[PDB]
Amino acid sequence: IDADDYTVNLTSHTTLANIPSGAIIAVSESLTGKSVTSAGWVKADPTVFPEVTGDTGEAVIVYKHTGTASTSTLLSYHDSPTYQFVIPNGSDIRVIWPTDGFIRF
Amino acid sequence: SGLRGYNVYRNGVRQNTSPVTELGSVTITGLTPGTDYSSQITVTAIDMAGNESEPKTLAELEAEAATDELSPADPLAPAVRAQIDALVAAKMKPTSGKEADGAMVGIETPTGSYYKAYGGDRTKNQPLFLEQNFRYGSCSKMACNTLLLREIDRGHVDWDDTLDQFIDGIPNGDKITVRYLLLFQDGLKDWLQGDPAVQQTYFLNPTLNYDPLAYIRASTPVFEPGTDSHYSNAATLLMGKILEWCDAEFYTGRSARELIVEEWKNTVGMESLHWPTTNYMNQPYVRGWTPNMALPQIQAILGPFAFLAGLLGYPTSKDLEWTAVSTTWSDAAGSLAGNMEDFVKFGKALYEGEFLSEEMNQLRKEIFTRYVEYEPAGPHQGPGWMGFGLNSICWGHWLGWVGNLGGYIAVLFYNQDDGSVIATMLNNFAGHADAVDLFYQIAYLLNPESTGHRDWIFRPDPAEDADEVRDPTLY
Amino acid sequence: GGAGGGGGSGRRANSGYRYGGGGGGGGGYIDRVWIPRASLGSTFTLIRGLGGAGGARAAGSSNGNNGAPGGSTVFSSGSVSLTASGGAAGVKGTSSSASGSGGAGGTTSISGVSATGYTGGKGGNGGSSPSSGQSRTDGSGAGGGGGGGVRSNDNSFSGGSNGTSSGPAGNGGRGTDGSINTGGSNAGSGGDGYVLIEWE
């Protein structure tokens, strides 16, 4: 996600159609190694966006992909104080999710 | 009466320069490895009146005066050897327009190491040899940036701290942060990479002394901090003012000249390592050269993208020696010197992440800003992108620097996967593209795959939220 | 003569666009030229390039592999060096229309004698416009052709041919085709390089 083309609003956005298409740099394959723990954390294996060539990107968003932009429900927005941006150039991008889980329920 | 001091003699010649004191020391030099001198070194004691003892031999003092055996290392295979030698030969004096009288190469890999010197200094009956010193140039930036990352790891400074805390009077010093210095998001103008009037007097009078901090305090910012990235000498100079400040606050006060040479020499064991106070290096040294060049061609070599734009052709017919240069043109950039073994030792320590935590050593391999995008002009020129990291330039799986000082081009890169180090050095200012092209060719010879794109690593922070609840009321 | 580069291999899948890998480049060549014993040194090298290995199968329903570059061929002695570089590897094919690039042809480097030589032929792109490799009669080696592929909503599309040659430098290997999840092959190897030296 590009953070100048989209500004995150945590309450008023609900579904994929809220994100303006210009803010999309790339879209992943579905997650794998999906697991849960008694502490309420969700875990998954690292996610690869292959051969990416958009503009500079500053965040990631996780969503339940229903295959339709009306019901494809947003789950979480993530960024970091130190991993502030990625500058695409035809590299692959890996998102290496935090070891102990990335989202809590 | 009174001991004036001691004299040391070897084979009957006085190796000492003036009488040494009761805790002073003489170094005897040019000895061969693995050999015994206990029968050849002798000592005398001398009185204020000039009375001297017999020369007692170190054997009579039971002192074990023998040199260390020459430390062995497993070499690169013979086929690789001659392919490297053929690559270096294509960058040197007899091949067409390749104005460089001599070269050095230093390689370490998991499968062995090679060190060689080629050509000469233009001295009459003396080809290059590996004991000789050269200017490390801009590779000194990897010595400076790393100690600042040690001070972030020690919490003595932090990523959002503004430059106005450490030094007075810098333009936009209220908006320039520690992160923006380390990543070249500093907006400041460059005196060697961006000023024709300065570049002229640097080429025409390299021994003139200079105050680049005074240039910074007069300068107009090129852009607002954090909005772009561009190569900067001002950044590394200003890191050399955040260091010194830490040494006044937390250590014992030193200049950047003192502290950078002390830490790297004592920790890594780089015995050649020095920052010249005179216009000349410690002996013996490689001699620097340049052809005479028009100002439009000098600008093309000192500019930030010079290693790509190498097609200068060099039609001129007179040459200048460029051994003598003032380190004040560079300060914490540019200024270190030493020889090839110590330069490869420096690259090995930068791979190993010396001075740094495991968390910081992960971070410095992963945060980057854009240096250049280019179409690769051949198969050995790597991914069409290079980026400034927290202490190196990146090119595929290789981290390193490209640099020069007057007449010397020096390149130092190492590989994140193998831990291999490649070092290249050329005697001539005209060689700025050729030294980097030689690194690319040795990297492509040793490991083709390492010259592809690096993967970007992004780590999101986790999404906690509060356990917010309310309690019902009973009636 | 330099060795040829190995070709690259294309994406295997049931579905989506499936582009072919690139052809390897041909080796360079340095012509039959004299050196006197006064310009030679006391010893010499005569390294002959080995042919670059071709890119393997995807081993699944995924993207292919790059080839390996051809070995460089080197002569040197004393003040003289003569080098005929190997051709570059054919690049991996992916889901991307820009993938599957063909390898550059091997360049010639000369020192100490006024010799003449010729650069190798380009290897062909696979990718979204597959192509034949560049032919070379001019003492240098030819490039290999690029691999074919399959569209998302439509049938397969053809690769290109290897170039003709008569240079003793090695030809580049053909790339291989983007294909069904069960299909495909390994890409071609480059050919070995050549050395010939006559003593008087």
# chains A, B, ... in the order shown; residues from 1 in each chain; ligands from 1
>>> residues_around(residues="residue C:133", least_positions_apart="2", cutoff="7 Å", atoms="only C-alpha atoms", output="count of residues only")
13
>>> residues_around(residues="stretch 403-410 of chain B", least_positions_apart="6", cutoff="6 Å", atoms="only C-alpha atoms", output="number ranges by chain")
B: 136-139, 288-290, 322, 424-429, 432
>>> residues_around(residues="stretch 202-215 of chain B", least_positions_apart="2", cutoff="6 Å", atoms="only C-alpha atoms", output="NGL selection string")
:B and (199-200 or 217-218 or 325-326 or 328)
>>> write_last_selection(atoms="N, CA and C atoms", output="short mmCIF file (atom, residue, chain, number, x, y, z; two decimals), in the first residue's frame")
data_model
loop_
_atom_site.label_atom_id
_atom_site.label_comp_id
_atom_site.auth_asym_id
_atom_site.auth_seq_id
_atom_site.Cartn_x
_atom_site.Cartn_y
_atom_site.Cartn_z
N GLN B 199 36.12 22.40 -6.75
CA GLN B 199 36.75 21.32 -7.50
C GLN B 199 37.98 21.80 -8.28
N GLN B 200 37.97 23.01 -8.84
CA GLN B 200 39.14 23.57 -9.50
C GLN B 200 40.32 23.68 -8.54
N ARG B 217 27.90 25.75 6.96
CA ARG B 217 27.24 26.87 7.65
C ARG B 217 26.87 28.03 6.74
N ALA B 218 27.49 28.16 5.57
CA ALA B 218 27.10 29.12 4.54
C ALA B 218 26.09 28.58 3.52
N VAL B 325 48.05 15.33 -0.88
CA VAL B 325 46.71 15.90 -0.72
C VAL B 325 46.37 16.14 0.74
N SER B 326 45.65 17.21 1.05
CA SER B 326 45.21 17.51 2.41
C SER B 326 43.97 16.72 2.78
N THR B 328 41.76 17.59 4.94
CA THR B 328 40.70 18.56 5.20
C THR B 328 39.69 18.72 4.06
#
>>> closest_atom_pairs(of="chain A", to="chain B", cutoff="9 Å", atoms="only C-alpha atoms", output="Markdown table")
| residue | atom | partner | partner_atom | distance |
| --- | --- | --- | --- | --- |
| A:59 | CA | B:460 | CA | 7.9 |
| A:60 | CA | B:460 | CA | 7.6 |
| A:76 | CA | B:463 | CA | 7.2 |
| A:77 | CA | B:463 | CA | 7.8 |
| A:78 | CA | B:460 | CA | 5.5 |
| A:79 | CA | B:460 | CA | 5.0 |
| A:80 | CA | B:461 | CA | 5.4 |
| A:81 | CA | B:461 | CA | 8.4 |
| A:82 | CA | B:367 | CA | 8.1 |
| A:83 | CA | B:458 | CA | 6.2 |
| A:84 | CA | B:367 | CA | 8.4 |
| A:85 | CA | B:458 | CA | 8.0 |
| A:86 | CA | B:456 | CA | 6.9 |
| A:87 | CA | B:369 | CA | 7.6 |
| A:88 | CA | B:456 | CA | 8.4 |
| A:89 | CA | B:385 | CA | 7.0 |
| A:90 | CA | B:453 | CA | 7.6 |
| A:91 | CA | B:455 | CA | 5.4 |
| A:92 | CA | B:455 | CA | 5.0 |
| A:93 | CA | B:456 | CA | 4.7 |
| A:94 | CA | B:457 | CA | 5.0 |
| A:95 | CA | B:458 | CA | 4.8 |
| A:96 | CA | B:459 | CA | 5.3 |
| A:97 | CA | B:459 | CA | 6.0 |
| A:98 | CA | B:462 | CA | 6.5 |
| A:100 | CA | B:462 | CA | 8.9 |
| A:101 | CA | B:462 | CA | 7.1 |
| A:102 | CA | B:462 | CA | 4.5 |
| A:103 | CA | B:463 | CA | 4.9 |
| A:104 | CA | B:464 | CA | 5.8 |
| A:105 | CA | B:464 | CA | 8.5 |
>>> write_last_selection(atoms="C-alpha atoms", output="mmCIF file, in the first residue's frame")
data_model
loop_
_atom_site.group_PDB
_atom_site.id
_atom_site.type_symbol
_atom_site.label_atom_id
_atom_site.label_comp_id
_atom_site.auth_asym_id
_atom_site.auth_seq_id
_atom_site.Cartn_x
_atom_site.Cartn_y
_atom_site.Cartn_z
ATOM 1 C CA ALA A 59 2.396 -0.054 4.631
ATOM 2 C CA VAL A 60 0.684 -3.488 4.349
ATOM 3 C CA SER A 76 -5.568 -5.183 9.816
ATOM 4 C CA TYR A 77 -3.271 -2.301 8.786
ATOM 5 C CA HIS A 78 0.464 -2.553 9.576
ATOM 6 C CA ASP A 79 3.546 -0.333 9.317
ATOM 7 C CA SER A 80 6.712 0.207 11.471
ATOM 8 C CA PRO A 81 8.825 3.031 13.046
ATOM 9 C CA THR A 82 11.993 1.600 11.393
ATOM 10 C CA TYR A 83 10.808 -0.431 8.356
ATOM 11 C CA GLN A 84 9.257 2.807 7.017
ATOM 12 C CA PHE A 85 9.236 2.117 3.223
ATOM 13 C CA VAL A 86 10.201 -0.135 0.281
ATOM 14 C CA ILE A 87 11.218 1.260 -3.158
ATOM 15 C CA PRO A 88 10.162 -1.236 -5.902
ATOM 16 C CA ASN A 89 12.670 -2.016 -8.690
ATOM 17 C CA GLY A 90 11.780 -5.546 -10.014
ATOM 18 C CA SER A 91 12.928 -7.237 -6.768
ATOM 19 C CA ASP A 92 10.720 -9.653 -4.885
ATOM 20 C CA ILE A 93 9.360 -8.212 -1.588
ATOM 21 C CA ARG A 94 9.149 -10.505 1.511
ATOM 22 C CA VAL A 95 6.895 -9.565 4.431
ATOM 23 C CA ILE A 96 8.469 -11.390 7.393
ATOM 24 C CA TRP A 97 5.673 -11.373 9.975
ATOM 25 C CA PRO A 98 6.560 -10.995 13.726
ATOM 26 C CA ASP A 100 4.997 -14.590 18.028
ATOM 27 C CA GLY A 101 2.002 -13.607 15.794
ATOM 28 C CA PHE A 102 0.984 -10.577 13.695
ATOM 29 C CA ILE A 103 -2.724 -9.976 14.684
ATOM 30 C CA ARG A 104 -4.489 -10.731 18.044
ATOM 31 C CA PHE A 105 -8.154 -11.722 18.674
#
>>> interface_residues(of="chain C", to="chain B", cutoff="9 Å", atoms="only C-alpha atoms", output="ChimeraX atom specification")
/C:45,47,66,68-69,71-76,79,81-83,87-89,103-106,109-112
